[PDB]
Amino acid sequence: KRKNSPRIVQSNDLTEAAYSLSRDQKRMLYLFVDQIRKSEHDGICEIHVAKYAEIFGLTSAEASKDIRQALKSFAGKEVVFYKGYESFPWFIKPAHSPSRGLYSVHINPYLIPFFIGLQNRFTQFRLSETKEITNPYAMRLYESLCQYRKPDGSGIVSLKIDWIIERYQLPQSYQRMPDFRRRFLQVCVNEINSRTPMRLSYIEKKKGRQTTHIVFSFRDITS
């Protein structure tokens, strides 16, 4: 049963926001949204090194490294919602540790309604589905794909490439499409195919000499 892992349920506004974060910063982001979901919430969240190591198959010393550098790298990271245009900071206070092996973070109290969206306008996935991805961009794509998933784990969706560049905030050399192909599309599609239960194919949409959309579709291995 896929039901063994936490159920991540985020608003589609988050699924579609424009931001940069590392794999490690996102692994934590999942744990934070879970914890608001279980409370009039105020923004204080807690992380235990020992538990984070259970969850991601890591050693105690390595989990401490990953948390400690992620938490430092939130400084100056804005998140932008869209159309619409609203920019917020993730943390309003620096994180700190009062007990050995435990950190206390203060997430911005305005983001919470953006996490807990309006009814039937939301994305959802088990934590197991995404814990073995490595590339953060491959994590963004798996999120967006999940947004279109029917009850039976199948779906089809067309994303415009300029929109992928803006929301996933991809590096500049990928505006030149042979590089986008080689260092993002093939790498992220292979990863979903090897690390998740999803089975993914795609076709490109040219207009004139240009490529403008990727047309993704997928079934679940439970077929």
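Quick note: we count residues from 1 along the sequence shown, nothing fancier.
Coordinates are given for every deposited residue between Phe88 and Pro89; the gap count there is zero. Going from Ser39 to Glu40, you skip over 4 to 9 residues of the deposited sequence that the entry leaves unmodelled. Stretch comparison (102 to 110 versus 116 to 124) by mean CA B-factor in the PDB entry places 116 to 124 on top.
137 to 145 and 92 to 100 differ in mean CA B-factor, and the higher of the two is recorded for 92 to 100. Considering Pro178, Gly155, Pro171, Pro197 together, the PDB entry gives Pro197 the largest C-alpha B factor.
In the PDB entry, the Cα temperature factor peaks, among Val187, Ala63, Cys45, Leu29, at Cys45. Ranked by Cα temperature factor within the chain, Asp13 sits in the highest third according to the deposited record. When all modelled residues of the chain are sorted by CA temperature factor, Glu191 is found within the lowest third. When all modelled residues of the chain are sorted by CA temperature factor, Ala70 is found within the lowest third. In the PDB entry, a CA B factor belonging to the middle third of its chain's modelled residues is recorded for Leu58. Remark: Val33 belongs to the highest third of its chain, ranked by C-alpha B-factor as recorded.
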